[PDB]
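Asks: here is my input; please provide its structure:
(chains A and B)
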Amino acid sequence: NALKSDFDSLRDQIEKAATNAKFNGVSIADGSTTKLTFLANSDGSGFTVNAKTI
Amino acid sequence: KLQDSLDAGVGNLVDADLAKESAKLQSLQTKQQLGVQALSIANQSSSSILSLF
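Replies: Numbers count the residues shown, from 1 in each chain, chains lettered A, B, ... in the order given. Take a look at the structure below.
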């Protein structure tokens, strides 16, 4: 029972640590969106970074 | 860890690069001294008309 409760605590910890990792409201580790596109060229062409949910 | 990251990000957004302003400042001081000498040169126009009469 003690080992199970330790396991459960650690799982809840993983969840908290994962959902708090936002910068400026946008994040690539929670799983909110599928990809983020940044500017890479003075004409609008983008640099694509896929989302890696953890 | 998160608070450190947020501070670094805000700084990334709105911080300057002083090395560029130093160069620009030197160039602008030279350019202003030059523009003053140029204005002083241009001012003395029309001063030659007196010699005509």
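Asks: how far away is residue A:31 from residue A:15?
Replies: Distance of residue A:31 to residue A:15, computed by CB to CB, to the nearest Å: 12 Å. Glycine gets a C-beta too; all of them are placed from N, C-alpha and C.
Asks: which of the two has more neighbours?
Replies: Neighbour count, other CB atoms under 10 Å in any protein chain shown: between residue A:31 and residue A:15, residue A:31 has more, with 13 against 10.
Asks: the residue nearest to that one when sequence neighbours are not counted: helix or strand, and which one exactly?
Replies: Once flanking residues are discounted, residue A:31 sits nearest to residue A:53: 3.6 Å by CB to CB, 6 or more residues apart in numbering or on different chains. Under the criterion DSSP states H and E, no helix or strand holds residue A:53.
Asks: quick one, phi psi at residue A:53?
Replies: The phi/psi pair for residue A:53 (degrees, to the nearest 10) reads phi -60, psi 130.
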